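Secondary and tertiary structure notes
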There are 4 protein chains.
Amino acid sequence: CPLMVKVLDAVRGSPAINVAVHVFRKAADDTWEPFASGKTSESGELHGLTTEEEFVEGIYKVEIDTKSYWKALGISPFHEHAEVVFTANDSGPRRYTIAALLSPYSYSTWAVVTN
Amino acid sequence: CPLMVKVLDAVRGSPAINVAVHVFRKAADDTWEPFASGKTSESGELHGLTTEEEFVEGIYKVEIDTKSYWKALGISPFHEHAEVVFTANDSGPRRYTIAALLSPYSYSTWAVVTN
Amino acid sequence: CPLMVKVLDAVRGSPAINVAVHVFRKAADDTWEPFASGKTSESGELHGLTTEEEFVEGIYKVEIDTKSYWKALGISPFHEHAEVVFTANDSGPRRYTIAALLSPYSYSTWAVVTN
Amino acid sequence: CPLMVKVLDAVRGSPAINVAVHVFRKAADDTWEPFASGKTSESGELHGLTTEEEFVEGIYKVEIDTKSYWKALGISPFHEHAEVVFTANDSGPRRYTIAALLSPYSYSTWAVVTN
């Protein structure tokens, strides 16, 4: 599991469950190609998006569908989604955790990268 | 100006100066059209991006070039840039401040919407 | 004023108004002595807490009464308050801005120190 | 394990290892009584601070020794420590994760509370 996504809810103090996550990889023609997608679990985590074989060097975009999450809770939030864009595996394979802590008008996002 | 961008540096405890900022508006064909751009001032602020006349309801993207900022400081960053995507809605008079607090492997972003 | 406090609300996307703020300075006996206090304005800012003469090097604590703020909004909070503890150091001319971005179960706090 | 502390480093994109953490509980005389302490592991986590029996209702303070952490990395940080003050177990036993994401001039802290 070289790529994991974790989402937390700062209003409730809980994992953000059933959040849609779409991952894209930048192609040679400079366009965003769909790479993987899924929904966060009861722990606010999304595992099994990819494999070490498939997750080659490149520029990746993780789109976290925060608006649909807040709308289902009765909040009209500010952002359409939280977008995380980064170069992966350029010095060899790494394990990446992309995390976001969500509020209606804000989000904090960070990465934990391990060898 | 109805749209202001503010960028802060959490490593130095200072405004993030000379940061490139690009604003886009989503077109009918679903593509991102360049809308406005600039560089943050000595106060980490970017004023005068648009006018009330030009800034109509729509979906906007604010791209903050964080990678170039960290590279100029000799600090290895994670993100290619920080992206803020939101709908501008005419619910009475409004001013939008899009802010970001930057760290090499994280950023927090928020919006202050006032009348 | 060499010390300003700014508080923002991440649920509403607005300044956090009428928030009580208490500043303390650590005394020789290791206890926290009241130093200054006030309430944030309509811009979420608290100015005029001290003067350059009074604000000597020392360890200071800024306590932001977040619980009372959330309770007045009918939102169940986690923290009793947000506490910022720091040393003020005379390394040339300095102005300190202590800022906090509040959510019910989280807060981000940062400092902008300028000349 | 009803109380766990997790600390992350936003400069390195890694767990914050060997961070000292002190927990206090407010006593009847309004003073902070030492309750538990420890150091974060290689995963940036501190488990086994207390037991369900010992962790009774009360006001608790978790002091995360961020200054010593940054000083050991060659950074002179802004804060003396990150302080998290909260009421625990007032509606019955809960499991609490207190987390902090650290930068030299900023920190974000949140709680994940589960039943």
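About the cut-offs
- Residues numbered from 1 in each chain as written, not as in the entry; some residues may be left out.
- Chains lettered and ligands numbered in written order.
- Heavy atoms only, no water.
- Residues with missing side-chain atoms left out of burial classes, pairs and counts.
- Pairing = 2+ DSSP bridges.
- Helix = DSSP H or I, 4+ residues; strand = E, 2+ residues; numbered from the N terminus.
- Axes fitted to C-alpha atoms, helices over the stretch in contact; angles between N-to-C directions.
- Contact = heavy atoms within 4.5 Å.
- Buried area = accessible area lost by both parts, 1.4 Å probe.
- Salt bridge = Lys/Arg side-chain N within 4 Å of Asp/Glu carboxyl O.
- Polar contact = N/O pair within 3.5 Å; in protein donor to acceptor, adjacent residues only side chain to side chain.
- Nonpolar A, V, L, I, M, F, W, Y, C, P; charged D, E, K, R; others polar.
- Least-squares fit on C-alpha atoms.
- UniProt positions renumbered as here; feature names shortened; annotations may be inferred.
- Buried < 20%, exposed > 50% of the residue type's maximum accessible area, 1.4 Å probe, protein only.
- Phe/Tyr/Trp six-rings, centres within 6.5 Å; stacked < 30°, edge-to-face > 60°.
- Core = buried A, V, L, I, M, F, W, Y, C linked by side-chain atoms within 4.5 Å.

Once that is clear, we can look at the sheet that holds strand β3 (residues 20-26) of chain D. The strands making up a sheet associate through hydrogen bonds between their backbones, and the pairing can be parallel or antiparallel. Here we have 8 strands laid out as an open sheet, ordered β4(C)-β3(C)-β6(C)-β7(C)-β7(D)-β6(D)-β3(D)-β4(D), and antiparallel in their pairing. Strands at the two margins of the open sheet, each flanked by one partner only, are β4 (32-39) of chain C together with β4 (32-39) of chain D. Strand-to-strand twist in this sheet, taken as the mean axis angle between neighbours without regard to direction, amounts to 20 degrees.

Another point: the interface of chain A and chain B. Counting residues at the interface gives 22 residues for chain A and 23 residues for chain B. Of the roughly 1800 Å² buried between chain A and chain B, counting both surfaces, carbon and sulfur atoms make up 55%. The interface formed by chain A and chain B contains 0 salt bridges. The interface formed by chain A and chain B contains 13 residue pairs in polar contact. Counting only elements with at least two residues in the side of chain A that touches chain B, the list comes to β6 (58-64), β7 (79-88), β8 (95-103) and β9 (106-114) of chain A. Grouping the amino acids of the side of chain A that touches chain B by side-chain chemistry returns 12 nonpolar, 6 polar and 4 charged. The sheet contact formed by β9(A) and strand β9 (residues 106-114) of chain B spans 5 bridges and is antiparallel. Each bridged residue has a counterpart across the sheet, and for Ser108(A) the counterpart in β9(B) is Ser108(B).

With an RMSD of 0.8 Å, chain A superimposes on chain B once it is rotated by 180 degrees and translated 0.2 Å along the axis. Expressed as an axis order, the relation between the two copies is that of a two-fold axis. No C-alpha of chain A approaches the rotation axis more nearly than that of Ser108(A), which lies at 2.0 Å. Most of the interface of chain A is mirrored in chain B, where 100% of its interface residues again form contacts.

Looking now at the relation of the copies chain C and chain B. In the superposition of chain C on chain B (RMSD 0.0 Å, axial shift 0.0 Å), the rotation amounts to 180 degrees. Counting the interface residues of chain C, we find that 100% of their copies in chain B are interface residues as well, pointing to one common contact surface.

For the rest of this paragraph, the subject is the interface of chain C and chain B. Counting residues at the interface gives 11 residues for chain C, matched by 11 residues for chain B. Between chain C and chain B lies a buried interface of about 780 Å² when both sides are counted; carbon and sulfur atoms form 74% of it. Applying the counting rule to chain C against chain B returns 0 salt bridges. Taken together, the connections running from chain C to chain B amount to 2 residue pairs in polar contact. When contributions to the side of chain C that touches chain B are tallied by element, the ones reaching two or more residues are β2 (14-15) and β9 (106-114) of chain C. Here the side of chain C that touches chain B takes 6 residues from β9(C), the largest share from any one element. Grouping the amino acids of the side of chain C that touches chain B by side-chain chemistry returns 7 nonpolar, 4 polar and no charged.

Moving on, we come to the UniProt feature "binding site: L-thyroxine" in chain A. According to UniProt, the "binding site: L-thyroxine" feature falls on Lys6(A), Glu45(A) and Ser108(A). Tracing the chain through its elements places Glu45(A) in strand β5 (residues 45-46). With near-sequence residues (within four places) excluded, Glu45(A) lies in contact with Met4(A), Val5(A), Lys6(A), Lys39(A) and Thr40(A). Separated by 3.1 Å, the side chains of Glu45(A) and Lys6(A) make a polar contact. Position of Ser108(A) relative to the elements: it lies in strand β9. When its relative accessible area of 5% is taken as the criterion, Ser108(A) is described as buried. Leave out the neighbours within four places in its chain, and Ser108(A) touches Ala99(A), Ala100(A), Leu101(A), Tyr107(B), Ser108(B), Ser108(C) and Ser108(D).

Residue and element names in this part refer to chain D. For the structure shown, the criterion picks out 20 salt bridges over all chains. Among the salt bridges present, the one from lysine 67 reaches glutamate 80, with a minimum N-O distance of 2.9 Å. Placement of the pair is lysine 67 in helix α1 (residues 66-72) and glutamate 80 in strand β7 (residues 79-88), with a sequence separation of 13 residues. Judged by its relative accessible area of 18%, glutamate 80 is buried.

Here we take up unusual backbone geometry. All names here are of chain B. Positive phi outside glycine occurs at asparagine 18, with the angle close to 60 degrees. Tracing the backbone shows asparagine 18 in the loop between β2 (14-15) and β3 (20-26). Overall, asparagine 18 belongs to the partly exposed group, its relative accessible area being 48%.

Looking now at the environment of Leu49(A). Residues and elements named next belong to chain A. Assignment of secondary structure puts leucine 49 in the loop between β5 and β6. Residue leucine 49 is classed as buried on the basis of its relative accessible area, which comes to 10%. Put simply, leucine 49 and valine 5 are 44 residues apart on the chain and 8.8 Å apart in space, counted from C-alpha to C-alpha. The residues touching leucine 49, leaving out its near neighbours within four places in the chain, are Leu3, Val5, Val23, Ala36, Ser37, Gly38 and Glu54.

All right, on to the packing of aromatic side chains then. Summed over all chains, the structure comprises 44 aromatic pairs over all chains. Ring centres 6.2 Å apart and planes at 50 degrees place the aromatic pair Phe35(A) and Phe55(A) in the tilted group. In this pair, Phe35(A) sits in strand β4 (residues 32-39) while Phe55(A) sits in the loop between β5 and β6, placing the two residues 20 residues apart along the sequence. An identical accessibility class is assigned to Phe35(A) and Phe55(A); each is buried. Members of the aromatic cluster, each reached through a chain of ring pairs, are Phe35(A), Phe55(A), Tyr60(A), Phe86(A), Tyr96(A), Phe78(B) and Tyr105(B).

With that settled, the discussion passes to the pairing of strand β9 (residues 106-114) of chain D. Within a regular strand, the side chains alternate between the two sheet faces. All names here are of chain D. Within β9, 7 of the 9 residues are buried, leaving the element largely enclosed by the surrounding structure. Where strand β8 (residues 95-103) meets β9, 9 bridges bridge the pair, whose relative direction is antiparallel. Among the inter-strand pairings, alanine 100 is bridged to a residue of β9, identified as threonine 109.

This brings us to the nonpolar core. Core analysis: the biggest nonpolar cluster contains 120 residues, and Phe86(A), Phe86(B), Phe86(C) and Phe86(D) have the highest contact counts within it. Ignoring any residue separated from it by four or fewer positions in sequence, one finds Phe86(A) in contact with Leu3(A), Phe55(A), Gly58(A), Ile59(A), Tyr60(A), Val62(A), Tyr96(A), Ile98(A), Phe78(B), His79(B) and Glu80(B).

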